[PDB]
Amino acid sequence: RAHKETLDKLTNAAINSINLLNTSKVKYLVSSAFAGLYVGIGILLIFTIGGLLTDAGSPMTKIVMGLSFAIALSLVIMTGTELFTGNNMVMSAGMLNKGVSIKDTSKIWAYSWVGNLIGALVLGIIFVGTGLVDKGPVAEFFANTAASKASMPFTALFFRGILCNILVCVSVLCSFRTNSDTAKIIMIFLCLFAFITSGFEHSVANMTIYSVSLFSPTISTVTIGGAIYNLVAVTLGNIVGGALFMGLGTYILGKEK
């Protein structure tokens, strides 16, 4: 039971993050851009899988996709780059613990969110240039998924955003609670398996879904307005999951009061 020690670590991570931004916006945005790109790589992989298996009428499609998404957050954690969603639990916890302020928190959130988007846009442009979404089941999978994500009612997206960032943030929490990098990766694998296959919504992964779909000439299904709609609802849910549940929760567990 190292709840106190854990809260200390979260607090210290929150302090490191705002310090980094204060020290250098370039370093912070480059870090954020890597993470958004790393997450997008997971999307490129499982949407390829989605296309191959959906085309095949496989009933295992969504299961194989969940099993195969682990690389997204594994890369972020193993490279120590800045990810908006995890920042929800970290900043909220550290703020509550008086290590950082409400101002530092909204700042980290806004920069990391925008920086992650930069990575998704860059990934989308390059992926399109591969010609891999020119035509076929993979392009179709992007188009249909982007459309479904954009036409889904707000309430549903929001709540899917909550459960998603509970899983993402708890996998980040595990990485703070162990010294085994392998166990970190395993826990990340399990959590991303759970959230992808269950149907939960991640704001940063979705950036790449819309990035690819919008930059691609072969895909005329969704528009920027749709992307913004989905992203706003999912981002708000992510925040509630990561800050209101995980952040507030771990503070309460760890706060020597």
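All residue numbers are counted from 1 along the displayed sequence.
K.L.:
Select between 45-53 and 218-226 the stretch whose C-alpha atoms have the higher average B-factor in the entry.
P.N.:
Between 218-226 and 45-53, it is 218-226 that shows the higher mean C-alpha B-factor.
K.L.:
For the higher mean C-alpha B factor in the entry, choose 157-165 or 181-189.
P.N.:
Going by the record's values, the stretch with the higher mean is 157-165.
K.L.:
Which is it among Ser92, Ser74, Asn116, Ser171: the one with the largest CA B-factor in the entry?
P.N.:
That would be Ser92, according to the entry.
K.L.:
From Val64, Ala194, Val26, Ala70, can you pick the one with the highest C-alpha B factor in the entry?
P.N.:
Each of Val64, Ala194, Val26, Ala70 was compared by C-alpha B-factor; the highest is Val26.
K.L.:
Taking the C-alpha B-factors as the PDB entry records them, is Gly86 in the lowest, middle or highest third of its chain?
P.N.:
Middle third, going by the recorded CA B-factors of the chain.
K.L.:
What third of its chain, lowest, middle or highest, does the C-alpha temperature factor of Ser213 fall into?
P.N.:
For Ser213, whose C-alpha B-factor we compare with every modelled residue in the chain, the answer is the middle third.
K.L.:
Thinking about Cα B factors across the chain, which third does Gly99 belong to?
P.N.:
Its C-alpha B-factor belongs to the highest third of this chain's values.
K.L.:
Lowest, middle or highest third: where is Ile108 by Cα B-factor in its chain?
P.N.:
Within its chain, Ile108 is a highest-third residue by C-alpha B-factor, going by the deposited values.
K.L.:
Classify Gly136 as lowest, middle or highest third according to the C-alpha B-factor given in the PDB entry, relative to its own chain.
P.N.:
Top third by C-alpha B-factor.
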